[PDB]
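Colleague: Sharing a structure here in structure tokens format.
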Amino acid sequence: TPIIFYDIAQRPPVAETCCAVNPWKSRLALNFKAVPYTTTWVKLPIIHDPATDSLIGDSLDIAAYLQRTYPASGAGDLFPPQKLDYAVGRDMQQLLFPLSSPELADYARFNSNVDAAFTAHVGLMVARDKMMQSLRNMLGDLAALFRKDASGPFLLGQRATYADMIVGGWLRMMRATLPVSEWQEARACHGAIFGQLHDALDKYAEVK
């Protein structure tokens with residue numbers, strides 16, 4: 001019965017034993033949905049669901065599979081309709097390609113833009129003052145989406161979605177790879193919008 005989640009354990013200098021970006025996106029999605037699962041650590045996230053004989057690779061497909069197969073399970077809908085109006089600046093467009101269930105197209109485009117925005121600042125996580133300024137500026141632009149509904153730390157206020165998990169997966173990975181002070185900067189800048197989002201996602205961050 002339990003879903004098998006294939007994941008890769010992290011090695012130093014990564015500070016935390018679990019979770020590259022995309023495994024974090026899927027792990028946040030599995031925990032939010034409350035579907036039972038266990039990790040097999042192997043040397044891409046992939047799940048096998050024995051309940052449907054399904055084998056799904058890629059975090060967007062896994063989350064879409066969970067929402068479609070267990071729509072009422074756990075904390076609710078991972079993909080409610082939503083304007084995810086975020087676009088990277090021109091100096092980051094090359095990191096968009098290759099891009100991305102047509103009701104999910106906006107979530108897919110958001111996944112591409114967040115990934116590109118943050119990937120532009122790997123290398124802090126592999127650092128320099130100018131890169132940290134660029135990271136701060138990119139978070140400022142992303143922050144406007146999290147200010148649209150100030151009833152809560154998520155994009156839709158008190159309601160978390162897969163889009164919050166797209167960003168949260170990056171945040172979790174940054175906490176594990178940045179020097180502590182730079183993580184503390186990222187978590188504090190622009191009104192601590194991303195420290196709040198990170199902390200709000202803690203409840204969906206169990207490693208199992």
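Note on naming: chains are A, B, ... as they come in the structure tokens, residues start from 1 per chain, ligands start from 1 in the order shown.
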Could you list, with a cut-off of 12 Å and counting only C-alpha atoms, the residues of region 78-153 of chain A near region 162-175 of chain A, each shown with its nearest atom pair and the distance in Å rounded to one decimal, rows sorted by chain and ascending number, as a Markdown table?

Modeller:
| residue | atom | partner | partner_atom | distance |
| --- | --- | --- | --- | --- |
| A:78 | CA | A:162 | CA | 5.1 |
| A:79 | CA | A:162 | CA | 6.3 |
| A:80 | CA | A:162 | CA | 9.1 |
| A:81 | CA | A:163 | CA | 10.9 |
| A:82 | CA | A:163 | CA | 9.3 |
| A:83 | CA | A:163 | CA | 10.6 |
| A:84 | CA | A:163 | CA | 8.2 |
| A:85 | CA | A:163 | CA | 11.5 |
| A:86 | CA | A:163 | CA | 11.3 |
| A:104 | CA | A:162 | CA | 10.5 |
| A:105 | CA | A:163 | CA | 11.9 |
| A:106 | CA | A:163 | CA | 9.6 |
| A:107 | CA | A:163 | CA | 6.4 |
| A:108 | CA | A:163 | CA | 9.2 |
| A:109 | CA | A:163 | CA | 10.4 |
| A:110 | CA | A:163 | CA | 7.4 |
| A:111 | CA | A:166 | CA | 6.2 |
| A:112 | CA | A:166 | CA | 9.6 |
| A:113 | CA | A:166 | CA | 10.1 |
| A:114 | CA | A:167 | CA | 6.6 |
| A:115 | CA | A:170 | CA | 8.1 |
| A:116 | CA | A:170 | CA | 11.1 |
| A:117 | CA | A:170 | CA | 10.3 |
| A:118 | CA | A:170 | CA | 7.3 |
| A:119 | CA | A:170 | CA | 9.3 |
| A:121 | CA | A:174 | CA | 10.2 |
| A:122 | CA | A:174 | CA | 9.2 |
| A:123 | CA | A:174 | CA | 11.0 |
| A:124 | CA | A:174 | CA | 9.0 |
| A:125 | CA | A:174 | CA | 7.0 |
| A:126 | CA | A:174 | CA | 10.4 |
| A:135 | CA | A:174 | CA | 11.4 |
| A:139 | CA | A:167 | CA | 10.4 |
| A:142 | CA | A:167 | CA | 9.5 |
| A:143 | CA | A:167 | CA | 10.9 |
| A:145 | CA | A:164 | CA | 10.5 |
| A:146 | CA | A:164 | CA | 9.2 |
| A:152 | CA | A:164 | CA | 11.8 |
| A:153 | CA | A:164 | CA | 9.2 |

Colleague: Using N, CA and C atoms, can you write the selected residues to a file as an mmCIF file, in the first residue's frame?

Modeller:
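What ended up in part_39.cif:
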data_model
loop_
_atom_site.group_PDB
_atom_site.id
_atom_site.type_symbol
_atom_site.label_atom_id
_atom_site.label_comp_id
_atom_site.auth_asym_id
_atom_site.auth_seq_id
_atom_site.Cartn_x
_atom_site.Cartn_y
_atom_site.Cartn_z
ATOM 1 N N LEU A 78 -4.427 21.375 -4.282
ATOM 2 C CA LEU A 78 -3.099 21.901 -4.598
ATOM 3 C C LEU A 78 -3.128 22.913 -5.736
ATOM 4 N N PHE A 79 -4.155 22.888 -6.586
ATOM 5 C CA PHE A 79 -4.178 23.681 -7.819
ATOM 6 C C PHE A 79 -5.506 24.412 -8.019
ATOM 7 N N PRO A 80 -5.917 25.269 -7.080
ATOM 8 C CA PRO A 80 -7.068 26.125 -7.344
ATOM 9 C C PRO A 80 -6.710 27.179 -8.373
ATOM 10 N N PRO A 81 -7.684 27.690 -9.120
ATOM 11 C CA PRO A 81 -7.380 28.704 -10.134
ATOM 12 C C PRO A 81 -6.716 29.917 -9.508
ATOM 13 N N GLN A 82 -5.775 30.494 -10.245
ATOM 14 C CA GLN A 82 -4.874 31.481 -9.671
ATOM 15 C C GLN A 82 -4.114 32.221 -10.774
ATOM 16 N N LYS A 83 -4.081 33.556 -10.728
ATOM 17 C CA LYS A 83 -3.189 34.337 -11.587
ATOM 18 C C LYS A 83 -1.796 34.354 -10.966
ATOM 19 N N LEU A 84 -0.852 33.648 -11.593
ATOM 20 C CA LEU A 84 0.522 33.583 -11.094
ATOM 21 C C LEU A 84 1.394 34.479 -11.967
ATOM 22 N N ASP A 85 1.121 35.781 -11.879
ATOM 23 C CA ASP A 85 1.695 36.754 -12.807
ATOM 24 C C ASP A 85 3.108 37.139 -12.368
ATOM 25 N N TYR A 86 4.042 36.226 -12.611
ATOM 26 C CA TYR A 86 5.453 36.477 -12.355
ATOM 27 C C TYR A 86 6.252 36.152 -13.608
ATOM 28 N N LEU A 104 -3.612 23.675 -15.672
ATOM 29 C CA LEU A 104 -2.414 23.842 -14.868
ATOM 30 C C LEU A 104 -1.348 24.677 -15.556
ATOM 31 N N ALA A 105 -1.627 25.206 -16.754
ATOM 32 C CA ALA A 105 -0.594 25.871 -17.549
ATOM 33 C C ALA A 105 0.056 27.013 -16.781
ATOM 34 N N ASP A 106 -0.731 27.750 -16.008
ATOM 35 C CA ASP A 106 -0.170 28.867 -15.265
ATOM 36 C C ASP A 106 0.790 28.403 -14.172
ATOM 37 N N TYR A 107 0.443 27.320 -13.469
ATOM 38 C CA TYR A 107 1.363 26.760 -12.485
ATOM 39 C C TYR A 107 2.646 26.293 -13.155
ATOM 40 N N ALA A 108 2.540 25.692 -14.350
ATOM 41 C CA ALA A 108 3.732 25.221 -15.056
ATOM 42 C C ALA A 108 4.651 26.381 -15.436
ATOM 43 N N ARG A 109 4.075 27.476 -15.937
ATOM 44 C CA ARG A 109 4.862 28.647 -16.310
ATOM 45 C C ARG A 109 5.523 29.277 -15.090
ATOM 46 N N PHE A 110 4.814 29.298 -13.959
ATOM 47 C CA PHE A 110 5.374 29.799 -12.707
ATOM 48 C C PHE A 110 6.548 28.941 -12.250
ATOM 49 N N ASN A 111 6.399 27.616 -12.353
ATOM 50 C CA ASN A 111 7.500 26.721 -12.037
ATOM 51 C C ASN A 111 8.735 27.065 -12.859
ATOM 52 N N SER A 112 8.545 27.344 -14.150
ATOM 53 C CA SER A 112 9.690 27.683 -14.993
ATOM 54 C C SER A 112 10.333 28.992 -14.551
ATOM 55 N N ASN A 113 9.522 29.980 -14.172
ATOM 56 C CA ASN A 113 10.092 31.285 -13.844
ATOM 57 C C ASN A 113 10.796 31.285 -12.490
ATOM 58 N N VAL A 114 10.187 30.684 -11.456
ATOM 59 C CA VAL A 114 10.865 30.561 -10.162
ATOM 60 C C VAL A 114 12.182 29.803 -10.321
ATOM 61 N N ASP A 115 12.142 28.641 -10.988
ATOM 62 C CA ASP A 115 13.365 27.876 -11.217
ATOM 63 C C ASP A 115 14.434 28.727 -11.890
ATOM 64 N N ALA A 116 14.049 29.516 -12.894
ATOM 65 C CA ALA A 116 15.040 30.335 -13.593
ATOM 66 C C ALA A 116 15.578 31.430 -12.683
ATOM 67 N N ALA A 117 14.678 32.126 -11.987
ATOM 68 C CA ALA A 117 15.083 33.185 -11.072
ATOM 69 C C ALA A 117 16.094 32.672 -10.048
ATOM 70 N N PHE A 118 15.781 31.561 -9.378
ATOM 71 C CA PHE A 118 16.687 31.056 -8.348
ATOM 72 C C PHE A 118 17.931 30.425 -8.955
ATOM 73 N N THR A 119 17.783 29.675 -10.054
ATOM 74 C CA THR A 119 18.960 29.080 -10.680
ATOM 75 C C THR A 119 19.969 30.149 -11.061
ATOM 76 N N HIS A 121 20.932 32.341 -9.306
ATOM 77 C CA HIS A 121 21.734 32.654 -8.129
ATOM 78 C C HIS A 121 22.320 31.415 -7.466
ATOM 79 N N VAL A 122 22.239 30.229 -8.099
ATOM 80 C CA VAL A 122 23.095 29.137 -7.635
ATOM 81 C C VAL A 122 24.537 29.613 -7.784
ATOM 82 N N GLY A 123 25.426 29.008 -7.038
ATOM 83 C CA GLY A 123 26.720 29.665 -7.084
ATOM 84 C C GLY A 123 26.918 30.480 -5.832
ATOM 85 N N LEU A 124 25.853 31.117 -5.342
ATOM 86 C CA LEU A 124 25.831 31.428 -3.920
ATOM 87 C C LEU A 124 25.801 30.144 -3.108
ATOM 88 N N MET A 125 25.251 29.077 -3.677
ATOM 89 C CA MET A 125 24.951 27.863 -2.933
ATOM 90 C C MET A 125 25.834 26.693 -3.344
ATOM 91 N N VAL A 126 26.819 26.928 -4.216
ATOM 92 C CA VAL A 126 27.738 25.894 -4.724
ATOM 93 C C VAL A 126 28.938 25.541 -3.816
ATOM 94 N N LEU A 135 20.201 38.542 -5.765
ATOM 95 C CA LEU A 135 19.223 37.646 -5.161
ATOM 96 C C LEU A 135 18.173 38.442 -4.399
ATOM 97 N N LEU A 139 14.109 38.547 -5.204
ATOM 98 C CA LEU A 139 13.095 38.265 -4.189
ATOM 99 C C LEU A 139 12.125 39.432 -4.027
ATOM 100 N N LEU A 142 9.593 38.904 -6.791
ATOM 101 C CA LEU A 142 8.719 37.803 -6.417
ATOM 102 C C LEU A 142 7.823 38.169 -5.236
ATOM 103 N N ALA A 143 8.285 39.084 -4.373
ATOM 104 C CA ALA A 143 7.541 39.436 -3.164
ATOM 105 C C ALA A 143 6.200 40.093 -3.480
ATOM 106 N N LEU A 145 3.954 39.305 -5.527
ATOM 107 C CA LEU A 145 2.886 38.315 -5.570
ATOM 108 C C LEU A 145 2.447 37.889 -4.175
ATOM 109 N N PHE A 146 3.360 37.879 -3.203
ATOM 110 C CA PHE A 146 2.991 37.420 -1.868
ATOM 111 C C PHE A 146 2.372 38.525 -1.014
ATOM 112 N N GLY A 152 -2.349 36.294 5.021
ATOM 113 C CA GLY A 152 -1.513 35.166 5.359
ATOM 114 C C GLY A 152 -0.247 35.067 4.528
ATOM 115 N N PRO A 153 0.633 34.140 4.914
ATOM 116 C CA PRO A 153 1.964 34.061 4.298
ATOM 117 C C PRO A 153 1.982 33.404 2.917
#

Colleague: Just want the 10 Å neighbourhood of residue 189 (chain A), counted on only C-alpha atoms, with same-chain residues fewer than 3 positions away dropped. Output as a count of residues only.

Modeller: 12

Colleague: I'd like the neighbourhood of residue 74 (chain A) as an mmCIF file with N, CA, C and O atoms, in the first residue's frame, where a residue qualifies if any of its atoms comes within 7 Å (using only C-alpha atoms), though same-chain residues fewer than 5 positions away should be ignored.

Modeller:
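Okay, part-v7.cif is ready:
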data_model
loop_
_atom_site.group_PDB
_atom_site.id
_atom_site.type_symbol
_atom_site.label_atom_id
_atom_site.label_comp_id
_atom_site.auth_asym_id
_atom_site.auth_seq_id
_atom_site.Cartn_x
_atom_site.Cartn_y
_atom_site.Cartn_z
ATOM 1 N N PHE A 32 1.289 17.796 2.342
ATOM 2 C CA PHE A 32 0.052 18.584 2.290
ATOM 3 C C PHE A 32 -1.161 17.699 1.963
ATOM 4 O O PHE A 32 -2.261 17.919 2.482
ATOM 5 N N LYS A 33 -0.984 16.695 1.111
ATOM 6 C CA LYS A 33 -2.085 15.827 0.702
ATOM 7 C C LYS A 33 -2.344 14.665 1.663
ATOM 8 O O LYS A 33 -3.334 13.949 1.487
ATOM 9 N N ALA A 34 -1.455 14.405 2.620
ATOM 10 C CA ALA A 34 -1.679 13.393 3.654
ATOM 11 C C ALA A 34 -1.831 11.986 3.083
ATOM 12 O O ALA A 34 -2.383 11.104 3.736
#

Colleague: Near residue 39 (chain A), counting only C-alpha atoms, which residues have an atom at most 7 Å away, once you skip same-chain residues fewer than 3 positions from it, shown as a list in words?

Modeller: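 Here the qualifying residues turn out to be residues 4, 5, 6, 7 and 208 of chain A.
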
Colleague: What does the file look like for those residues with N, CA, C and O atoms, as an mmCIF file, in the first residue's frame?

Modeller:
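Contents of the output file result.cif:
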data_model
loop_
_atom_site.group_PDB
_atom_site.id
_atom_site.type_symbol
_atom_site.label_atom_id
_atom_site.label_comp_id
_atom_site.auth_asym_id
_atom_site.auth_seq_id
_atom_site.Cartn_x
_atom_site.Cartn_y
_atom_site.Cartn_z
ATOM 1 N N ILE A 4 5.713 4.672 -2.877
ATOM 2 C CA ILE A 4 7.175 4.657 -2.818
ATOM 3 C C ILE A 4 7.704 5.931 -3.463
ATOM 4 O O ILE A 4 7.458 6.183 -4.647
ATOM 5 N N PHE A 5 8.477 6.701 -2.700
ATOM 6 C CA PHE A 5 9.056 7.965 -3.143
ATOM 7 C C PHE A 5 10.553 7.730 -3.293
ATOM 8 O O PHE A 5 11.250 7.468 -2.305
ATOM 9 N N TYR A 6 11.043 7.808 -4.522
ATOM 10 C CA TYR A 6 12.464 7.629 -4.793
ATOM 11 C C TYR A 6 13.140 8.992 -4.685
ATOM 12 O O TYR A 6 12.708 9.945 -5.342
ATOM 13 N N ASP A 7 14.139 9.101 -3.794
ATOM 14 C CA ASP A 7 14.810 10.370 -3.501
ATOM 15 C C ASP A 7 16.306 10.114 -3.370
ATOM 16 O O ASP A 7 16.738 8.978 -3.168
ATOM 17 N N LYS A 208 10.033 11.707 5.448
ATOM 18 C CA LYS A 208 9.716 10.315 5.766
ATOM 19 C C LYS A 208 9.929 9.407 4.560
ATOM 20 O O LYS A 208 9.972 9.875 3.421
#

Colleague: If we count only C-alpha atoms and set the cut-off at 6 Å, which residues sit around region 14-17 of chain A, ignoring sequence neighbours fewer than 3 positions away in its own chain? Please answer as an MDAnalysis selection string.

Modeller: chainID A and resid 9:11 176:177

Colleague: Would you save the residues from that selection as a PDB file, in the first residue's frame, using N, CA and C atoms?

Modeller:
ATOM      1  N   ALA A   9      19.599  11.185  -1.178  1.00  0.00           N
ATOM      2  CA  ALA A   9      20.142  11.819   0.026  1.00  0.00           C
ATOM      3  C   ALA A   9      21.289  12.764  -0.308  1.00  0.00           C
ATOM      4  N   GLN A  10      21.269  13.930   0.339  1.00  0.00           N
ATOM      5  CA  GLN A  10      22.277  14.964   0.154  1.00  0.00           C
ATOM      6  C   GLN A  10      23.560  14.655   0.923  1.00  0.00           C
ATOM      7  N   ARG A  11      24.669  15.157   0.394  1.00  0.00           N
ATOM      8  CA  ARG A  11      26.008  14.985   0.920  1.00  0.00           C
ATOM      9  C   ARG A  11      26.629  16.342   1.218  1.00  0.00           C
ATOM     10  N   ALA A 176      19.764  25.106   3.449  1.00  0.00           N
ATOM     11  CA  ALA A 176      20.731  24.025   3.598  1.00  0.00           C
ATOM     12  C   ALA A 176      22.049  24.287   2.887  1.00  0.00           C
ATOM     13  N   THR A 177      22.120  25.259   1.985  1.00  0.00           N
ATOM     14  CA  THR A 177      23.349  25.459   1.228  1.00  0.00           C
ATOM     15  C   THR A 177      23.975  26.847   1.386  1.00  0.00           C
TER      16      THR A 177
END

Colleague: Pull the alpha helix (DSSP H) assignments for region 77-134 of chain A out of DSSP run on the backbone, and list those residues as a PyMOL selection string.

Modeller: chain A and resi 105-119+129-134
